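**Q** Just need the structure, nothing else, for what follows:
(2 chains)
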Amino acid sequence: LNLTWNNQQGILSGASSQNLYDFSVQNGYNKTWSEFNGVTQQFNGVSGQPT
Amino acid sequence: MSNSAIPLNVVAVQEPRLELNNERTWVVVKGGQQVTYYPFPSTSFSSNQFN
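**A** Numbering: from 1, shown residues only, chains lettered A, B, ... in the order given. Let me share the structure:
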């Protein structure tokens, strides 16, 4: 997320995808970063299906 | 100088290769901070208009 405020532009454009999460949890976001990412894998056990 | 007809006024000028003195003043160039460029994509473009 790269946003523009009050005439100068380009704020946060260098921040980590995850960094956005840290300065917001600062505000009480309350959901784990795993779910904020957010995506999940779940591999199967049995031949020989996809995950 | 005052040789001809109506007399004139004298002045002398130094050639370019040498002054070597004159009053040399350091000049700090200043213009307001934050020069920024925006790309305003036209609202209501058409085939016979642009706005």
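**Q** Contact residues of chain B facing chain A?
**A** Remark: the part of chain B in contact with chain A comprises B:34, B:36, B:38, using Cβ under 8 Å from any Cβ of the partner chain. Where you see a C-beta, it was placed from the backbone N, CA and C, and this is true even at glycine.
**Q** Now the buried members of those.
**A** Burial by neighbour count, judged by 16 or more other Cβ atoms under 10 Å in any protein chain shown, picks out nothing from those.
**Q** Using a markdown table, lay out those residues together with secondary structure.
**A** Conversion of those to a markdown table gives the following (DSSP: H, G, I helix; E, B strand; the rest coil):
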| residue | secondary structure |
| --- | --- |
| B:34 | coil |
| B:36 | coil |
| B:38 | coil |
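**Q** Wasn't residue A:17 part of a strand?
**A** No: Residue A:17: not assigned to a strand; according to three-state DSSP it is coil.
**Q** Could you measure from residue B:40 over to residue B:47?
**A** In this view, residue B:40 and residue B:47 are 20 Å apart by Cβ to Cβ, to the nearest Å.
**Q** ugh, wrong one, residue A:6
**A** Relative to residue B:47, and taking Cβ to Cβ, residue A:6 is found at 37 Å.
**Q** Repeat that for residue B:27.
**A** Distance from residue B:27 to residue B:47, by Cβ to Cβ: 53 Å.
**Q** Equivalent analysis for residue B:17, please.
**A** Counting by Cβ to Cβ - residue B:17 and residue B:47 are separated by 64 Å.
**Q** same check, this time on residue A:35
**A** 47 Å.
**Q** Of these two, which one has the most company?
**A** residue A:35 (9 against 5; other Cβ atoms under 10 Å in any protein chain shown).
**Q** Using PDB, write out the CA atom coordinates for the one helix or strand that one maps to.
**A** For residue A:35, the element it lies in under DSSP states H and E is helix A:33-36. Below are the C-alpha coordinates for helix A:33-36, written out as PDB (Å, rounded to 0.1, in the frame of the first residue of the first chain):
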ATOM      1  CA  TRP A  33      -0.700 -12.300  11.100                       C
ATOM      2  CA  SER A  34      -1.300 -15.700   9.800                       C
ATOM      3  CA  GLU A  35      -5.000 -14.800   9.000                       C
ATOM      4  CA  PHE A  36      -4.100 -11.300   8.000                       C
END
